[PDB]
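Step one of this worksheet: look at the structure below.
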Amino acid sequence: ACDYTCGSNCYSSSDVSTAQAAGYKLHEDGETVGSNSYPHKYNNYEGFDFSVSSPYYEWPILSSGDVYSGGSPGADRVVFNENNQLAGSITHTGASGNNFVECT
Ligand SMILES: Nc1nc2c(ncn2[C@@H]2O[C@H](CO)[C@@H](O)[C@H]2OP(=O)(O)O)c(=O)[nH]1
Ligand SMILES: [Ca+2]
């Protein structure tokens, strides 16, 4: 079973932690990869009720299992704060426009 179901995609905590660990390293180092400059600040326009505190940063989590290193970011993202705490997994899949919804 999936710990997080992003529409069609299936993720386990292991996928979540591994992807977060890559986004936080880049964040701490002040570097970014890809056209959308990842990772970047997640303003939370949606107004999700995260249990960890801001600021939040979003980073692509991939269905392939590979860690994001450029190219298409897909539709899924892991949101984590300054302390390297996971806020949750979200996705563009099932949401209008460029909005997000949390993963099942
Ligand atoms: N929907 C949404 N987009 C955000 C948020 N914070 C930053 N963004 C960025 O704002 C722009 C319009 O949604 C996009 O560039 C999006 O980045 P991503 O597309 O990389 O998620 C947020 O909280 N919600
Ligand atoms: Ca997996």
Side-chain angles (χ1 to χ4, degrees), residues 1-24 26-40 42-48 50-104:
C2 317
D3 285 309
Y4 307 99
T5 314
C6 296
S8 246
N9 293 312
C10 191
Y11 301 109
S12 63
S13 294
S14 174
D15 293 315
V16 163
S17 296
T18 296
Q20 174 184 170
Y24 192 70
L26 269 186
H27 170 59
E28 282 213 318
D29 285 348
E31 301 166 336
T32 57
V33 295
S35 269
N36 287 341
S37 285
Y38 284 117
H40 72 239
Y42 179 62
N43 293 98
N44 191 0
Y45 301 153
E46 289 67 20
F48 294 125
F50 298 133
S51 84
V52 301
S53 56
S54 50
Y56 308 116
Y57 299 91
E58 68 172 279
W59 170 253
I61 177 168
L62 310 176
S63 58
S64 63
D66 283 359
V67 161
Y68 185 73
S69 54
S72 175
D76 316 315
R77 301 294 189 290
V78 290
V79 180
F80 59 91
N81 69 10
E82 205 57 62
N83 301 319
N84 194 207
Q85 301 183 119
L86 180 68
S89 302
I90 63 183
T91 181
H92 284 316
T93 286
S96 63
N98 204 242
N99 300 313
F100 286 109
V101 297
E102 287 191 299
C103 294
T104 317

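If you read the sequence from its start, that first residue is 1, and numbering goes on from there.
A heavy-atom distance below 4.5 Å is found between the side chains of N99 and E46. Side-chain contact between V33 and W59: present, with at least one pair of heavy atoms (C-beta onward) separated by less than 4.5 Å. Using a 4.5 Å heavy-atom threshold, the side chains of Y57 and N81 count as separate. You'll find the side chain of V16 reaches within 4.5 Å of the side chain of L86, heavy atoms only. Contact check for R77 versus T91: no side-chain heavy atoms found under the 4.5 Å cut-off. The closest side-chain heavy-atom distance from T104 to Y4 is not below 4.5 Å.
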N/O donor to acceptor pairs below 3.5 angstrom from side-chain atoms of residues 62-73, sequence neighbours left out:
from: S64; atom 1: OG; to: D66; atom 2: N; distance (Å): 3.2
from: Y68; atom 1: OH; to: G71; atom 2: O; distance (Å): 2.6

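Taking all atoms of both residues into account, the shortest heavy-atom contact from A87 to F50 is O-CD2, 3.2 Å. Closest approach of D3 and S13 over heavy atoms only: OD2-N, 2.8 Å. The shortest non-hydrogen separation linking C10 to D15 is O-OD2, 4.2 Å. In this structure, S89 and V78 approach most closely via the heavy-atom pair OG-CG1, 4.3 Å. Shown here for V101 and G94, the closest heavy-atom pair between the two residues is CG1-O, 4.1 Å. Considering every non-hydrogen atom in both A19 and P60, the closest pair reads CB-O, 4.4 Å.
With rounding to the nearest 0.5 angstrom, the OH atom of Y11 is 10.0 Å from the SG atom of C2. Within the model, atoms CD of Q85 and OG of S53 stand 6.5 Å from one another, a figure rounded to the nearest 0.5 Å. Atom CD of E58 and atom CD1 of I90 lie 6.0 Å apart (nearest 0.5 Å).
Note: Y38 and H40 have parallel aromatic rings, judged against thresholds of 30 and 60 degrees for the angle between ring planes.
Qualifying ring-ring contact (aromatic ring centres under 6.0 Å, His included) partners for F100, counting only residues two or more places apart in sequence or in other chains: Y42, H92. Taking the side-chain hydrogen bond (donor to acceptor under 3.5 Å, both in side chains) definition, one finds that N9 meets it with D76, sequence neighbours left out.
For the 3.5 Å distance criterion, the side chains of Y56 and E82 fail to qualify, holding no donor opposite an acceptor. Using modelled atom types and a 3.5 Å distance limit, the side chains of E28 and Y24 yield a donor-acceptor pair.
Of the possible donor and acceptor atoms, none in the side chain of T5 sits under 3.5 Å from a partner among the backbone N and O of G7.
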